[PDB]
Amino acid sequence: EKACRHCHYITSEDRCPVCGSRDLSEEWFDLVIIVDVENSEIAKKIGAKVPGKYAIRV
Amino acid sequence: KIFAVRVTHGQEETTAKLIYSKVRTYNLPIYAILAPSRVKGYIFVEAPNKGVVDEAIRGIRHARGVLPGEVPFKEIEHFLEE
Amino acid sequence: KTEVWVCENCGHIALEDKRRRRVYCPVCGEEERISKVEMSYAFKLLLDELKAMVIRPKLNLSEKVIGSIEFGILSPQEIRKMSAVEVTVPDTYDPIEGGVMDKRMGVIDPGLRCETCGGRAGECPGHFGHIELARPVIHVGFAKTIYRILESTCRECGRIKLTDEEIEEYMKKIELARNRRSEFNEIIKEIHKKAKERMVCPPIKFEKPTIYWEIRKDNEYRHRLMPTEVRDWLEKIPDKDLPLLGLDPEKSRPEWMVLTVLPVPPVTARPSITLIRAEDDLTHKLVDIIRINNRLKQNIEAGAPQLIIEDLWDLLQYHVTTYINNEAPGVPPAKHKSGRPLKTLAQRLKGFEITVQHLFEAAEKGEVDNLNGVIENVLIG
Ligand SMILES: [Zn+2]
Ligand SMILES: [Zn+2]
Ligand SMILES: [Zn+2]
Ligand SMILES: [Zn+2]
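Protein chains in written order, with my numbering: chain X, 223 to 280; chain U, 2 to 83; chain C, 725 to 1105.
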């Protein structure tokens, strides 16, 4: 599991699908899971517009 | 509303992902979930009703319980911030 | 039969450095007035469980023999002072550690190394360790006593909820029936019921086995009383007020009833029934206490969603409560993977057979047992 250095999206791929950055770090921390963006308070505080695996400390 | 949910040792990230499986795929209105690395054996679940949480965790391995009460959003911002 | 180095200054069991040829008290720092008392291992062991039970067996001498034992509640300072180590690792030996086994705690296997004393496995009385508790936890033995004190004393200021008029007459009434135990308790219950029915400073309370509340209105919102509130609330009560309750200013401060430091028994008290070895019940719960205690400290030092701390704090309380008394009313008994319930402290110090209720009343009142006229040979002289 590698988390992106800009948007924070944790992905298994060679690139973050949401944006498409090749910059993926291994030493990441604090998992955040998103189901809904519009209703969830969590997405608002961080600023994530796409549901799925996001990170905090990279 | 944020509901604190008990989890087994290390099983934080795994049960956090596992709970996400019974959400839309079963028709359960969970908004979000928080699995912070500095938190030991507990998971936050953003849900509207108490039934929503109870229904999600039910039948989920290594996800022991659900806390009596609700966690105020202000107490949760800290982990999300860093 | 075992020789025990007892401190003359403070009645505590002094250390004998076999390696450095040094006999001294760890608690009051005494180095001269310390005597060697002949004793049955039975009774050295008995003293040592009492200590691990947060009870302070203050030893008073006569002649090179114990004249009497004053009962009391061990102070965190004492518990910390008498400790040889701060226990940190919830691990058995795997074969020795930095946790529950000889981390300067006592030798029991062919590895003679110790707490400077370096005395061989073959005769080295263990030394107490200590766990520093992430949050205070109620000493189960004193729960009902705390309840009484809590309901009989005022919040914010801490007075005995009696008019200075009442105190003048009652303290005088106590002095009269101070010697006679049964009528002193007849007066203790009277004071309580009389201050329990008062509500003006010159809310109510609920229980079991360690849970306390205060019913407040806005609507019966029952506010739960947490050990830090209960502890600090009790640290207030002046020494002046203490005799209008069971407690003694020197021997048993009310605050000492909510644990801040839990003594870890010496290794000699907790032997494994070796063959994968049959680790002693007291060591198992001690692993479980540390296990949670570090998990608490972790979530305290990290983010505090409080609902979590509460859940963990309540669990640390549980573990301490079962360790103190597994046969406790309102306590689901801790069992090992088989269903057989653990046999802990209260289970040990009761068959020297001892009825625990009595122990606590002793420590509460600061009772002095004497060992002199119709002598007990089962404890050597
Ligand atoms: Zn990206
Ligand atoms: Zn001393
Ligand atoms: Zn030793
Ligand atoms: Zn008052």
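Where is the CB? At the ideal position from N, CA and C, for every residue including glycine.
What distance in whole Å lies between the Cβ atoms of residue j and residue i, which are believed to be in contact at a cut-off of 8 Å?
i                      : j         : result
C/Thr1068              : C/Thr1046 : 7 Å
residue 672 of chain C : C/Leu958  : This structure leaves residue 672 of chain C out entirely; chain C is present only between 725 and 1105.
C/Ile1104              : C/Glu762  : 5 Å
C/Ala1026              : U/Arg39   : 4 Å
X/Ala265               : X/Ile256  : 6 Å
C/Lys885               : C/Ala858  : C/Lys885 to C/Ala858, Cβ: 32 Å. No contact.
U/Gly60                : C/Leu1031 : Not a contact, Cβ separation roughly 24 Å.
C/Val778               : C/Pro987  : 7 Å
residue 217 of chain X : X/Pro273  : Here chain X has residues from 223 to 280 only, and residue 217 of chain X is not among them.
C/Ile1013              : C/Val1044 : 6 Å
C/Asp1093              : C/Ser792  : 6 Å
To the nearest angstrom, how far is the alpha carbon of residue i from that of residue j?
i         : j         : result
C/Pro814  : C/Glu740  : 28 Å
C/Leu968  : C/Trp980  : 17 Å
C/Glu1034 : C/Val789  : 48 Å
C/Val811  : C/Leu1036 : 19 Å
C/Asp972  : C/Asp963  : 8 Å
C/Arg940  : C/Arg946  : 6 Å
C/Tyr748  : C/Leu798  : 19 Å
C/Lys1009 : C/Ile997  : 16 Å
C/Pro860  : C/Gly846  : 37 Å
C/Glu1091 : C/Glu1085 : 8 Å
X/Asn261  : X/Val240  : 20 Å
C/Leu771  : C/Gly835  : 26 Å
C/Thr984  : C/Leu1039 : 15 Å
C/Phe866  : C/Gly850  : 27 Å
C/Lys932  : C/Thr869  : 12 Å
U/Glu82   : C/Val824  : 38 Å
C/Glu727  : C/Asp818  : 32 Å
C/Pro781  : C/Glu794  : 6 Å
C/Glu907  : C/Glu893  : 16 Å
X/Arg227  : X/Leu246  : 6 Å
C/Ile1000 : C/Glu856  : 29 Å
U/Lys75   : C/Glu802  : 41 Å
U/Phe4    : C/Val809  : 39 Å
C/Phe852  : C/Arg1064 : 28 Å
So what's residue i in DSSP terms, helix, strand or just coil?
i         : result
X/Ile268  : helix
C/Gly835  : coil
C/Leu770  : helix
C/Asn784  : strand
U/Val67   : coil
C/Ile939  : strand
C/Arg872  : helix
C/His947  : strand
U/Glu78   : helix
C/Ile779  : strand
C/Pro933  : coil
C/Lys964  : coil
U/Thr26   : coil
X/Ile278  : coil
X/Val240  : coil
C/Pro800  : helix
C/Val954  : helix
U/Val72   : strand
U/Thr15   : helix
C/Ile1014 : helix
C/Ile1078 : coil
X/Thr233  : strand
U/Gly60   : coil
C/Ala867  : helix
U/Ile20   : helix
I'd like to confirm the pairing. Which residues does DSSP put opposite residue i in its beta bridges?
i         : result
X/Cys226  : X/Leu246
C/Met763  : C/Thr726
C/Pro987  : C/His854
C/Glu810  : C/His854
C/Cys731  : C/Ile758
C/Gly823  : C/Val813
C/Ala1002 : C/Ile997
U/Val6    : U/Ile44
U/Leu35   : X/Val254, U/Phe45
C/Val982  : C/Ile862
C/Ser792  : C/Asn784, C/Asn1094
C/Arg746  : C/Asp741
C/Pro1065 : C/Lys1059
C/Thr840  : Its beta-bridge partners do not exist; DSSP assigns none.
C/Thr1007 : C/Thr1007 is not bridged to any residue.
Check your understanding: Unbroken alpha helix (DSSP H) runs of length 4 or more, entirely within the region 885 to 931 of chain C: which are they?
Key -> 888 to 900, 905 to 920
Point to revise | Start-end ranges of the alpha helix (DSSP H) lying completely within the region 1016 to 1058 of chain C, minimum 4 residues | key: 1031 to 1048
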